[PDB]
């Protein structure tokens, strides 16, 4: 009924095309005596009866409540189970989690992830699958190895995640920046970059985007924009790699008027159907061809130290990723898979939505606190633009450098020089937010792209990224007060 994915192997790197798996890869087969692979006896693995406490859906006191008493699910995973009847929650037994094998991920884990995938997204082609990773850092590294030769070109957001950019730069992959605004990638500008792409220059292989709660701008690509960008990717034949660690940091609408906000907060909470309907569309759900690779992580949902995530893409696309994983990480840590699977399986798909609803709630409160402080403590004028993010853990403080009294004299109309001195001046006041320039994508092709493709809107706008994820409301508010005080003083505003 659904079409098969397209074959994009013509985009595979030289390393991918050269990679041949070790022929040294039946152990469970009753009739074969296994004298081949060095699989050590599970009798020697020095752990049994792994137990833990996890909070209990629907997390009535908030997802941050102490884990005990009635807010507590308790369980134990054994090394071996006598019969399938002794394993009702379908845990990954330690004997299997701790033995070589299952480089794509343990099947119980991937089954939970596939079921979750079907709830969250609407898949438009037949042969999609998932592959477990050690997180989105790992997934992006693998994506570069799989597709990009030194000197290949990718498209990136004009400001993007510092590590992803650094990773591509180390490999000599050209990161060509495309324009973004308050609603993320601007499709018309993207289209123009492609239509005017200099003949002779390497064709971009893929677009690397963080569509929801963009790092660092905090923006989200509007649904209609994702549709227009997907069409551009089809017309110019590039893949879309969506890095989505913040997808579930989508928030309830920012409401500036406090009385209006209290009324809205007084209303019943979202049910599961309302939650799902409120979520942003995804490039995965738009993909009819298998040209989208989505990178998901448990870092911001469960914990950064889980070191576990997954990729979703076509069965065709996932082949070289699995071959690479087999020769690099091998498989995500068995214990992390056991504990993530066990907790998620007990929550169930529905209990996991309750968890994600709790996560949404906590972030909303943090965001409101941040934005309230900015409206209260920053100078209020066209020079200081505040965009309340609708998703993510980041906000930006935007500054028109050209309004500084010494921009022309002291700073030689150089916005970067002003940014750098404000950074120090802010740290001297006792708050650290991070310079926009650290996230600025830079790339050039041979032969070069035309002038129009290099344009920057508002070249005198500088910004700082802050986050509301990590600190108390009191510390957040005080930090932003200090920052705002610095800006008044520094800008000669009364």
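Residue numbers count along the first chain shown, from 1.
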Residues of the deposited chain absent from the coordinates between residue 25 and residue 26 total 4 to 9
Quick one: higher average CA temperature factor, 71-79 or 128-136? 71-79
For the stretches 182-190 and 294-302, which has the higher mean C-alpha B-factor as given in the deposited record? 182-190
Largest Cα B-factor, entry values, listed residues 467, 49, 453, 61: 453
412, 215, 167, 314, ranked by C-alpha B-factor: the highest one: 412
In terms of the chain's CA B-factor thirds, is residue 54 lowest, middle or highest? lowest
Can you tell me whether residue 246 has a C-alpha B-factor in the lowest, middle or highest third compared with the other modelled residues of the same chain? lowest
Tell me, lowest, middle or highest third: where does the Cα B factor of residue 423 rank within its chain? highest
In terms of the CA temperature factor given in the entry, to which third of its chain does residue 406 belong: lowest, middle or highest? highest
Within this chain's modelled residues, let me know which third the CA B factor of residue 400 belongs to: lowest, middle or highest. highest
